[PDB]
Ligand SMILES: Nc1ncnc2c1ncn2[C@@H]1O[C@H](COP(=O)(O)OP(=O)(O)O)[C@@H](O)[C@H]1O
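Consider the single chain below, provided in structure tokens and representing the form deposited without the ligand.
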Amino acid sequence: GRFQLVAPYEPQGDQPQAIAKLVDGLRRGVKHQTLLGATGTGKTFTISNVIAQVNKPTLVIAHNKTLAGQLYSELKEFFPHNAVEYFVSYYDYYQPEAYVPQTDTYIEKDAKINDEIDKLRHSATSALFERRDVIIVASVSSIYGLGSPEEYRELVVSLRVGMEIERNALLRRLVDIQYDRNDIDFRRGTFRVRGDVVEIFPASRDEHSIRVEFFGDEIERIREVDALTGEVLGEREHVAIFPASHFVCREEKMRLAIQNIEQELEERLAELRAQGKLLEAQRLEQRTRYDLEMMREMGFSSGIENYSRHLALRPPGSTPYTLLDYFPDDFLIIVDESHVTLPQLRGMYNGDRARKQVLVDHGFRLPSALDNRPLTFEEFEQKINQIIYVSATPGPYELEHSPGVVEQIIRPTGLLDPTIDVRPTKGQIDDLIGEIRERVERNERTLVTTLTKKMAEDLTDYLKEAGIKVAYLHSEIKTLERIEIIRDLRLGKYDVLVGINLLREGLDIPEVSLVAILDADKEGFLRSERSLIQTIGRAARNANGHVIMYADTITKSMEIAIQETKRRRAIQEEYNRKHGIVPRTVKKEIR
């Protein structure tokens, strides 16, 4: 395939040079590069240009699913002729199996699956074999266990007009790859028959079923079919039907796997019983033998993922197969918000290991359950072909592995990194209150950041006493109601929002002209250099953007952020001067 970028506009401002640097580094074979793109500079359009120029299948990794969704929307509009795909957790809810020693409690695994997300997951994986012009937006789900891509590929049922194959032989192979017959409710992951037509709804597709028409053992035709109404659509010459699960469990391997699980259990029970952990072994035997009977009286068992490694016959310690393995060897990775996303990726292994080791220590699971896991960060490193880290505040790992940075600060809209004032703590709430009132005069909103949920709630109350319209925003408030609070800020219900750590990455509020950082000098994660610069960027979407940092000293963290903001402004002033640009505030749609 071949990527076709589609937009009205050309690259502008800093975008051209940025695109050129990243493309040349990629072509020279450089492994790690870093796009130091300041906020609201059109970072998704820049990276799309790179993808379009180098024409490699690409994985965009995001640290959260809201941002994941936006990237996926924007990229769908930029590449409407290409396979833009989505790959995140497909669980409506999920609690893992866990044991909590401090409160001596076992917690059952509970789950519930979202059908749309599973459909997208299958569209994503199948796309990577059907064609080369694929971009997948993904969460850290990308580093979790799937079945091997080789097995996933060889189980495909490939069909072409002219083929000779027994009607029932197709059907019986479809069942092998996890499809169900269903003449009543014809939906994805199911098939049916209507005389000569064998109608197949692939696992990757919402509304568009295949219709394979037979004459004896021949295939006279194949047809994509709109299943909203029932009408027929275009007539293909071939089609590929991929498995309706990323996990194969065939009996041929399962028989030996059972005796391997059987013999790991013996050894572990002897181990536990020897150490006077008699309760633990009784636990381990009761679950393992029950699961093993289910494994003999059925294909499945409960918690089957715990026996991943045995059921695959792969050795102890094995690195799992993942989405990354489904990509070609010359693929490309974009890491969105790398300073937050990479630490998250690092820690997926740690938390999973922690949780599973206590299950194993208390005899809920065998030691081989540790091999059912995500990648370690080191295993992620070894699977990188080439990678681009995007962030306004790139972290240590990105800088240390990249040959300097591609800097992109000039915004196509000419908006400046705001000015910053530093004021004393003496009489700070009154100074702020008056400064908010001037903003309410100009119909401009304000963000205030404190250190705690308690302080954010107390200031909201106190600002209500002063007659200011205001809400607090922190993580006690569920996602749905946060969307609504932010919506209601823009419409004008509130002139102020008080927060802690939800007022940085991916918050475009054009109406905000003031950002108030309280306790600006209290050293810690909330007032580190990066979180400081990220908070400052909330005021860079409005032409009268301003920052007040209340503090009595100026920390090292404060002085780097002040200096790097000033420098960025000065460069943006000069570009604006050269081109006669007067900064204009962002007109963005509500909802």
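Sequential numbering from 1, following the sequence displayed.
Absent from the display: the form solved in complex with the ligand. The rest refers to it.
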property: Option from 36-44, 547-555, 521-529, 55-63 whose residues, in the bound PDB entry, bring a heavy atom within 4.5 Å of the ligand; result: 36-44
property: Listed residue that, although the ligand is not shown, lies within 4.5 Å of it in the bound PDB entry (heavy atoms), from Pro412, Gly395, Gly347, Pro367; result: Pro412
property: 4.5 angstroms heavy atom contact with the ligand in the bound PDB entry for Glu10; result: yes
property: Contact flag, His32 vs the ligand in the bound PDB entry, heavy atom cut 4.5 Å; result: no
property: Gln15 within 4.5 Å of the ligand in the bound PDB entry, heavy atoms; result: yes
